[PDB]
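# What the coordinates show
Chain by chain, the residues:
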Amino acid sequence: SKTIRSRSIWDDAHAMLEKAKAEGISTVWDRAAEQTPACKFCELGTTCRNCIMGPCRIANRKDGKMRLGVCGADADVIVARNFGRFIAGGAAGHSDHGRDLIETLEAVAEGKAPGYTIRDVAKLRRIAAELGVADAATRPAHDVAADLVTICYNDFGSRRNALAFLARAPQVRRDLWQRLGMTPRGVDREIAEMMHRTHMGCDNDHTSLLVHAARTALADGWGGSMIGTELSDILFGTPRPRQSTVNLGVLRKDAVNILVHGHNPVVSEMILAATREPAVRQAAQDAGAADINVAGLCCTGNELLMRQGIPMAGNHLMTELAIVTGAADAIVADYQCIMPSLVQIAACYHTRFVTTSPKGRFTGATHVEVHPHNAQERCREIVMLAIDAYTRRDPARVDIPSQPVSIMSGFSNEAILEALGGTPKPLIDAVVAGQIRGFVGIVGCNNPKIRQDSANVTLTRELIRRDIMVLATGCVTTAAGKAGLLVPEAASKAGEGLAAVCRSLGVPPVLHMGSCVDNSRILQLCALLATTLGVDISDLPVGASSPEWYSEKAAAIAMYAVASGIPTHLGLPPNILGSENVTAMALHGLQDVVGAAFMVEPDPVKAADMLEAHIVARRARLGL
Amino acid sequence: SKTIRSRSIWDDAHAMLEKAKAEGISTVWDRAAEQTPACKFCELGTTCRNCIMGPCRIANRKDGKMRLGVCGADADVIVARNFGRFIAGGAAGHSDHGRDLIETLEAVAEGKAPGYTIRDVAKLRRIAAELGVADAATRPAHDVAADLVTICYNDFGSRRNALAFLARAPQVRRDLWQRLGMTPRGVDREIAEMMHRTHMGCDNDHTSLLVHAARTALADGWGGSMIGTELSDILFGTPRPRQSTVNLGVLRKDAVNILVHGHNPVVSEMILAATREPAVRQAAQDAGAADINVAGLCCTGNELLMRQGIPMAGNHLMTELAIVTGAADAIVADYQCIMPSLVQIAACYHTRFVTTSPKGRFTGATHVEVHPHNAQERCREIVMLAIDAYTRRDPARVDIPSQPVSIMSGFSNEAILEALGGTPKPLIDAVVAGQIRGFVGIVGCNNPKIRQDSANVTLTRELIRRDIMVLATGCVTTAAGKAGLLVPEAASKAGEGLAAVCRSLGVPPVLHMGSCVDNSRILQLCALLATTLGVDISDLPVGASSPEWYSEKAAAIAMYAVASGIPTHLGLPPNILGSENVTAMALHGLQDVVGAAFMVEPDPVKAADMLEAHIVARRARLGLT
Ligand code: SF4
Ligand code: SF4
Ligand code: FES
Ligand SMILES: [Cl-]
Ligand SMILES: [Cl-]
Ligand SMILES: [Cl-]
Ligand SMILES: [Mg+2]
Ligand SMILES: [Mg+2]
Ligand SMILES: [Mg+2]
Ligand SMILES: [Mg+2]
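Sequence positions are given from 1 along each chain as written, possibly unlike the numbering in the entry, and residues without coordinates are left off. Chain letters and ligand numbers both follow the written order, the letters beginning at A and the numbers at 1. Remark: hydrogens and water are excluded; side-chain values derive from all non-hydrogen atoms of the structure. Residues with missing side-chain atoms are left out of burial classes, side-chain pairs and their counts.

### Notes on the overall build of chain B
- Helices and strands together make up the secondary structure of chain B, namely 25 helices and 16 strands.
- For this measure, only C-alpha atoms enter the radius of gyration; the expected value for a globule follows 2.2 Å times N^0.38, where N is the number of residues. Since a compact globule built from 625 residues should have a radius of gyration of about 25 Å, the 24 Å found for chain B is in line with a globular shape.
- Projected onto the principal axes, the alpha-carbon positions of chain B cover approximately 70 × 65 × 50 Å.
- Summarising the internal contacts of chain B: among those between residues at least 6 apart in sequence, 75% fall at separations of at least 24. Only DSSP runs of H or I with at least four residues qualify as helices, and only runs of E with at least two residues qualify as strands; both kinds are numbered from the N terminus onward. Two residues form a contact once any of their heavy atoms are found within 4.5 Å.

Spelled out as C-alpha cells, the structure:
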C-alpha cells in the first residue's frame, strides 16, 4: 500500500498497518488525517482561551480589527503565553516523574518499600556528597539517603535561590542565568509562576514570558529530570554497556508477553522482578507458556533497556501496532505519552490494559494502583493478570512480523568515562585533534506529520558520516537501533575520524544515553566538558535535535538545551509562527541572550548542514 | 447612545464611554464586539493544542470523523483537561500572591524590609499558635514570624499530606476529601500535577481530571489564598469597619491622582506611605497640586479600602475609563487583571504607567521594580514620577464625571465577631430564628458579555430583600458600593428580618469582606459556623455567586467553594458545554460527591431563586423553619 508505505520506514510497522487495516482498526495515522487541515489560528498560536472575556483570535488586518484580544493583548503576548504554558506542561511531566523517585528513595530510607533497595550505594554517597550531605562517605546508607531526599524535596520547595544540581553548570553560565533572571529556583515553583504569568493581565511582555519559559525549562533539565535520572541510578543501578534487541520481533509467540509503557522505572522494574519469581514463572508454565517475556515501550522501555538490557518492542508510533500483533497479553502503563486509543485497540483483542498510577487514569482500563509500599504485591498481581490473559489469546490473530535487531545500550556518563579510562581527556583529545568534530544529542519523539523515523535515521546517518558523534535518547533510540547504528560495527558507517575513535574504544558511533529524563545526562556531560576546558557550554562543539518531536516534554527539553547554550534543531515548528517577534526571538534573538537558538528544518540533510555549521563555528570559537 | 447605555448601568461609565468614543479610544467593550462571534470549538472546549500531533478539534459529523484527537482523546477528556488547566491558572495567580506575602513577612522577620512592620502582632501570635508554632503566645515576635514563615513555605513544598489551614474545615469535610483523593497537599504541587495530568497520554479520565481540579482549587482557597489573607492582615493590620467612598468621582482635579492597580498590597501600602511623607507632599504642592490622592482599582484597591479606608475608583471594566477622565497622573500596577490596553490608553494622555513586579511586565511600561528591601526607596521614586506627570496634565481633557458614593468597608471575620460581641452565637441565633435565612458570597468580576454590574447589583438586591445576607468581595464590592448598599442605612432595602439584625448591629445588609484572596475569609467563616453547629459546610444555609465572572481565578474560587460544600452560581458557563458528561458532572454529579454543585444562570432573578432554594433545602436539614 502506498499509504502504508508513506507512514513508516520500518517493515514491522508496515506489516501491522496492513493487519490493522484488514481488521478495521484505526490508528494514530488515520486520526491525524481526519484532523488535517488543522485550525490555522491554533497552528499559528494566535488564539487564546485563558479567560471568558474571550475566547479570542488574532489576525493581521488592514482595518485594525481583531489585532488585540478583549483584554488588549497582542499576538506577541498571546503566542508567548501559549508557548510558555506549552513548555510548562512539558516541565511538569518531568517534575512529577522526579518527585516520584524522591518519594521512592524516601520509602527505601524509611524501610517501607518492600522489594526496593539502594542498588548503587557508591553513587548515592557520591551524589549526596556533591550536594552537601555531611559525612556522606561514612554514615549509614539510609541516613545519607534521607538527607539526599531532603535536599531533593527542598528543590521542590519555595525557599531556594538556585536548584541543587545547577552547581554543575560552569560559573560563566550560572552568572549569565543570574543576570538574565533565568536561574531556576524551585521545580514546582517555576511551573506555578508560569501559570500565574500567563493569566490575563499578568505578564504581557513577550520577551519576559520567553525568559521565564527558559527558567521553567531549566528547572526541568537541571531539576526534575536530573533528580529523576540520578535517583533512578541510585535505586535501580547505574547503566553500563550491554547487548539487547529491538523491534516487534522481541515479542514471542510461545511466551506471556508483557509490554511496559510509560515512563517511571519504579513500576517497570518491579513488574520485571515479579516475572522472575519462581512461583510466578511456574504459573506461566502451567498456562502453557514457555516463559514470561517483558518488552519495553517508549521511555520506561528505555529505562529497562539501560539497566537490565530488556529488549525494546518499539517507540511512540509503534505502540498501537504492538497490540495489533495479537501477542500482547498485557500492557502495563503508568503515565505520559500513553495514547488512550490503546484502551480501545486492546479491547479488540484479549489484551489487558493495566493502569498503575493515580495520575494516569484511562476510562475503561484495569486499574491496579502501585505505590512503593505495595508495589511488590501489586506487580505480582498484575503479572498474574497477564498470565490469565495469555490463556485467552486467539492464535489465529497472532502475527509477529520481524526478527529483532541487535543493539548496545547503557551509556551513562559513568559508563562513558569508564570506557575512556576514567577521565574525559581522551575524548577531549579526539575533539581537539578533529577526529570527533562535535557531538549532537538526537532526542525526542515520532510525529504522524513525518514518515516514522525517516528523519531520525537520516540525521543520525548524516552526522556520524561527518565525524559527529550522536547521543541518542528517548524514542530516537528505537530508530537508531532498528537502523543498525547502536552497535560497535556501525563504526563502518561513520567518517574516518569518528570510526577510529569508536573502534579504539569498542563503542558505537551512536551512544544510547537513555530515556527522555536522561537528557539530563547530556547536560551533565556538556557541563563537565565545559568546566574541564574552562569555557561555557555555549563554546562547546555540541548540538541537539528532535527531528520528529510531538510532545510538550520535547519542547521543554529543547528549551533547556537552548537556554543552557546548546543549539537545538526541531524538525517541526512549535505553534508560534503567528508572532514574527516571538519566532525571531526563538530562532535568532536567543543567540544574543543565551548563546544558542532554536532551528526549524524538516529536511534532515539540511538539518545536518545547520548543526554541523554551528559545530564548525564553535570549533573556531575554541581556536581549533 | 443606546450602545453606550447597554454597556454599563453606571453614569460614570456612560460619561467616559462617550468621551472615549469621541477621542477614538478603543475599550474592552469594542474589542469584545470584534471578537464576537467567538470560535465555536474554543467556546465549547472541544479544541486541544497540548501537542503538535495536533492541534485537534472535536466535531459531531455524520461521517464520524474528528470524533477523537490524533492521540485518541475524546471530547470528555479534552474538555476536562482544558477546564483543569483553566482552574490551575486561577489557583496559580492566588498561589504566587500568597507566596509573595510569605517572602515579605520573612524579610520583616529578618529585619531586611525598611518601612515594613508586623502591624498586628496579636494576630501573628494567634495564627502561629493555631498552626502549631511552639510558644507563639510568649516568644519574640520576629521568632514567631520566622516559624510561621516556615510553616507557610512548607505548604509550598512537596512533603505535606494536607495543607496547614485545612484543619479549619470540619472533620467530616476533611474525611470526605481524604476518601475522594481531594485533600490539597502542596500549593505549587497541585498546580504542577494538573499540568502533568493534562499532558498527552497522562490523565485520560474526565472524572479523575475534575477531581484533581477540585484538589487544585482547594490548594488555593485553603492554601495560597488563605495564607495571602492571613499574612496580609498580620503585615498590614486586620480590617475593621470604616467609612470610605467609591466611583470615578474619588479622583480630584486639584490633586496628583495615583491609581493603584493589581492585587498585592505589599506595593500599594508602600505607595500610600510614600505619598504621606512630608517632603513628597511638598513636591506635589510645589507642582501646583493640593495634595497627593491615592485611589484604588480592583483587588489592591479592595486591600487599601479594607485596611486604610482608601477610596476605590472602580472595578474591572472601569479601569480603562479611569484613564479617560484625563486626571489619572499615574497607574501603579503589580499583577493580575491589569489589561494591557491601559498602556496604550495612558499613552494617549500624560499618564505614567508604572510596573512594579518582575511578574507583571508590560511592553512600553515604565518599570520600577519593587521588593521588600527597596520598596521604601522605590515607591518614593514612583510617586515622584506621578508628581512629574501631573505637571504635564492637559486641563482641557479632564472630565471627572460623578460625585463619590459613601460606603462602609472592613468586615474581616475578626470585625464581624467583634460586632457580635465576641462569639458567633447571636448570628447563629438569627439564622435559627429565620431573621437571616442564609448567607451568599457574591464574588468576582465584570464581563463585557453582561451589562456592567447589572447582574451583580440585581442579585444583591434580590437576596437581601429575601433576608439573605450578602458577603461581597472583589469587583462586586464596587457594584454594591455604587448601588448604595454598603452602608448601615441600606437596611431599608433588606427584608424585615435582615433589616432588624443589621440595625441591631449597626452594619449594612451587604458586608464588604475584601479582595478575591479574601474569599478565604468566607471559607473560614463557613468552617467556623459548621464546626460550631457540629455539621458539614454542605449542611449550612450558604451560597456563592459570581454573576459577571471572567477570570481563571474566579473559576478556581467557584471550584473551591463547590468542593468545600458551597452551592456556587455562575452567570456565564465556562468553556465546557462541548462535553455533556463534564457539564453534567459540574452541574449535577458533584452534588453527590462533595455536597454542592455549580449553577449557570444569566438571569440574576432566577439565580436568586436557585440560591434561595438551596438555602431553604439546607435550613430544612438543620431542623429550622
Ligand atoms: S486573556 Fe485576553 S486574549 Fe486571552 S481569552 Fe482573555 S481577553 Fe482574550
Ligand atoms: S494531546 Fe491529543 S487531542 Fe490534544 S493536540 Fe495532542 S493529539 Fe490532539
Ligand atoms: S479551534 Fe478555536 S481558534 Fe483554533
Ligand atoms: Cl483586512
Ligand atoms: Cl501533613
Ligand atoms: Cl446543596
Ligand atoms: Mg512515603
Ligand atoms: Mg528580574
Ligand atoms: Mg528574602
Ligand atoms: Mg487515589
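### Remarks on the overall build of chain A
- Helix and strand counts for chain A come out as 26 helices and 16 strands.
- Over its C-alpha trace chain A gives a radius of gyration of 24 Å, about what one expects of a compact globule, namely 25 Å for 624 residues.
- Across its three principal axes, chain A shows a C-alpha extent of roughly 70 × 65 × 50 Å.
- For chain A, contacts bridging at least 24 residues in sequence account for 75% of all contacts bridging at least 6.

### Considering the UniProt feature "binding site: [2Fe-2S] cluster 1" (unreviewed entry) in chain A
- Using the residue numbers shown here, the UniProt feature "binding site: [2Fe-2S] cluster 1" (unreviewed entry) corresponds to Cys39 and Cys42 of chain A.
- Within the fold, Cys39 of chain A resides in the loop between α3 (28–34) and α4 (40–44).
- Checked against the element boundaries, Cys42 of chain A lands in helix α4.
- Residue contacts for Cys42 of chain A: discarding those within four places in its chain leaves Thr47 and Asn575 of chain A together with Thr47, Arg49 and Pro55 of chain B. UniProt positions are given in the numbering used here, feature names are shortened, and annotations may be inferred rather than shown by experiment.

### Looking at the site of ligand 2
- Ligand 2 sits among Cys48, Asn50, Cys51, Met53, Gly54, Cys56, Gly69, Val70, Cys71, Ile78, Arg81 and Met200 of chain B.
- Nonpolar residues are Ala, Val, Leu, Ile, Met, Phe, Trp, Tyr, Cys and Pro. Charged residues are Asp, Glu, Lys and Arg, and all others, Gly as well, are polar. Residues that form the shell around ligand 2 fall into these classes: eight nonpolar, three polar and one charged. Residues are labelled near a given molecule or strand when at least one of their non-hydrogen atoms is within 4 Å of it.

### Some thoughts on unusual backbone geometry
- For the peptide bond that leads from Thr36 of chain A to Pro37 of chain A, omega is 5°, which places it in the cis range.
- By the element assignment, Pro37 of chain A lies in the loop between α3 and α4.
- Of note, the bond from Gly54 of chain B into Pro55 of chain B is cis; its omega dihedral lies within 30 degrees of zero at 5°.
- One can find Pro55 of chain B in the loop between β1 (47–48) and β2 (56–57).
- One non-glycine residue, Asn247 of chain A, lies in positive phi territory at about 115°.
- Here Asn247 of chain A shows up in the loop between β3 (242–246) and β4 (256–261).
- Notably, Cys337 of chain B is not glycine yet its phi reads approximately 65°, a positive angle.

### Observations concerning the pattern of salt bridges
- What counts as a salt bridge is simple: a side-chain nitrogen of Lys or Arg found within 4 Å of a carboxyl oxygen of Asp or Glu. A complete count under the given rule lists 86 salt bridges over all chains for this structure.
- Two residues, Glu106 of chain A and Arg159 of chain B, come together in a salt bridge whose shortest N-O distance is 2.9 Å. Of this pair, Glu106 of chain A sits in helix α5 (residues 75–109) while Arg159 of chain B sits in the loop between α7 (141–155) and α8 (171–180), placing the two residues on different chains.
- Put simply, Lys123 of chain B and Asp233 of chain B hold a salt bridge, and the shortest N to O gap is 2.7 Å. Note that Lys123 of chain B is positioned in helix α6 (residues 121–130) and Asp233 of chain B in helix α10 (residues 206–236), a separation of 110 residues in sequence. Note on accessibility: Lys123 of chain B and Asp233 of chain B belong to one class, buried.
- Among the charged side chains, a salt-bridge network with shared partners connects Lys123, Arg126, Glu130, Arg168, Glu230, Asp233, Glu303, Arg307, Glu414, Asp518 and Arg521 of chain A. For every residue, the accessible area obtained with a 1.4 Å probe (protein chains only) is divided by the maximum for its type, and the residue is called buried under 20%, exposed over 50%, and partly exposed between those limits.

### Looking at the interface of chain A and chain B
- Of the residues lining the interface, 91 residues belong to chain A; the matching set on chain B comes to 89 residues.
- Summed over both partners, the interface of chain A with chain B buries about 7,700 Å², with 55% contributed by carbon and sulfur atoms.
- For any pair of parts, buried area is found by adding up, for both, the accessible area (1.4 Å probe) each one loses once the two are put together. Ranking the residues of chain A by area buried against chain B places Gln35, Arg49 and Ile52 of chain A at the top, with a combined share of 12%.
- Residues adjacent in sequence count toward polar contacts only when both atoms are side-chain atoms; beyond that, a polar contact is any pair of N or O atoms within 3.5 Å, and within protein one must be able to donate a hydrogen and the other to accept it. Summed over the shared surface of chain A and chain B, the result is 55 residue pairs in polar contact.
- Those elements that place two or more of their residues in the side of chain A that touches chain B are α3, α4, β2 (56–57), α5, α7 (141–155), α9 (187–197), α10 (206–236) and α23 (552–563) of chain A.
- Here the side of chain A that touches chain B gets 13 residues from one element, more than from any other, and that element is α5 of chain A.
- Considering only residue class, the side of chain A that touches chain B consists of 40 nonpolar, 28 polar and 23 charged.

### Focus: the side chain of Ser158 of chain B
- Its location among the elements puts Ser158 of chain B in the loop between α7 and α8.
- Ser158 of chain B gets classed as buried once you look at its relative accessible area, which sits at 5%.
- At 2.9 Å, the side chain of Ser158 of chain B and the side chain of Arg99 of chain A are in polar contact.
- Beyond its immediate stretch of four places on either side in the chain, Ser158 of chain B contacts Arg99, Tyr153 and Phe156 of chain A together with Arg189 of chain B.

### Some points on the packing of aromatic side chains
- Stacked, edge-to-face and tilted are the three classes for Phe, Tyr and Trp ring pairs, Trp counted by its six-membered ring, which pair at centre distances within 6.5 Å; planes under 30 degrees apart are stacked, over 60 edge-to-face, the rest tilted. Under the definition given, this model contains eight aromatic pairs over all chains.
- Geometrically, a charge over a ring is one whose NZ (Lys) or CZ (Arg) sits within 6 Å of the ring centre while staying within 35 degrees of the ring normal. We note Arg57 of chain A situated over the ring of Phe41 of chain A; from NZ or CZ to the ring centre the distance is 5.7 Å.
- Over the face of the ring belonging to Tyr349 of chain B we find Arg397 of chain B, whose NZ or CZ atom lies 4.0 Å from the ring centre.

### With respect to the domain arrangement of chain B
All names here are of chain B.
- When the domains of chain B are assigned, the result is domain 1 (61–239), domain 2 (240–410) and domain 3 (413–625).
- Using C-alpha coordinates to define each centre, domain 1 is positioned 30 Å away from domain 2.
- Facing 20 residues of domain 1, the contacting portion of domain 2 comprises 18 residues.
- Interface area, domain 1 with domain 2, both sides summed: about 1,600 Å², of which 55% is carbon and sulfur.
- Among the residues domain 1 hides against domain 2, the three largest losses belong to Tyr116, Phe236 and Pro239. Together they make up 39% of the total.
- The partner of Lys359 in a salt bridge is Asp100, and the shortest N-O contact between them spans 3.1 Å.
- Inspection of the domain 1/domain 2 interface yields eight residue pairs in polar contact.
- Looking at the side of domain 1 that touches domain 2, the elements with two or more residues in it are α5 (75–109) and α10.
- Ranked by residue count, the leading element in the side of domain 1 that touches domain 2 is α5, at eight residues.
- Looking at the side of domain 1 that touches domain 2, its residues break down into seven nonpolar, nine polar and four charged. Domain delimitation in this document rests on an assignment produced automatically or drawn from a domain database.

### Some thoughts on the sheet that holds strand β13 (residues 510–514) of chain B
Residue and element names in this part refer to chain B.
- Between any two strands, pairing holds if DSSP finds at least two bridges. With respect to topology, six strands assemble into an open sheet ordered β13-β12-β11-β14-β15-β16, the strand pairing being parallel. Either end of the sheet is taken by a strand with one partner, and the two such strands are β13 and β16 (598–600). On average, each strand axis in the sheet is inclined to that of its neighbour by 25°, with strand direction left out of account.
- When strand β14 (residues 542–546) meets strand β15 (residues 568–570), the two strands line up parallel, connected through three bridges. Within β15, the position partnered with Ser545 by the bridge is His569. Fitted lines through C-alpha atoms give the axes, limited to the stretch in contact for helices. The angle between two N-to-C directions lies from 0 to 180 degrees.

### Looking at the site of ligand 1
- The environment of ligand 1 is formed by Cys48, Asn50, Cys51, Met53, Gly54, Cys56, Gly69, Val70, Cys71, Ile78, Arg81 and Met200 of chain A.
- Tallied by class, the residues present in the shell around ligand 1 amount to eight nonpolar, three polar and one charged.

### Some words on the UniProt feature "binding site: [2Fe-2S] cluster 2" (unreviewed entry) in chain B
- Per the UniProt annotation, the sites labelled "binding site: [2Fe-2S] cluster 2" (unreviewed entry) are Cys39, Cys42 and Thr47 of chain B.
- Looking at where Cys39 of chain B falls in the secondary structure, it is placed in the loop between α3 (28–34) and α4 (40–44).
- Non-local contacts of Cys39 of chain B, meaning those with residues more than four positions away in its chain, are made with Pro55 and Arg57 of chain A.
- Position of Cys42 of chain B relative to the elements: it lies in helix α4.
- Judged by relative accessible area, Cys42 of chain B falls into the buried class, the value being 3%.
- With near-sequence residues (within four places) excluded, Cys42 of chain B lies in contact with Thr47, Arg49 and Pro55 of chain A together with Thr47 and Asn575 of chain B.

### Description of the pairing of β4 of chain A
- In terms of residue burial, β4 of chain A counts as a mostly covered element, since six of its six residues are buried.
- Alternating positions in β4 of chain A separate into two faces, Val256, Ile258 and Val260 of chain A on one and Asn257, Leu259 and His261 of chain A on the other, with burial throughout.

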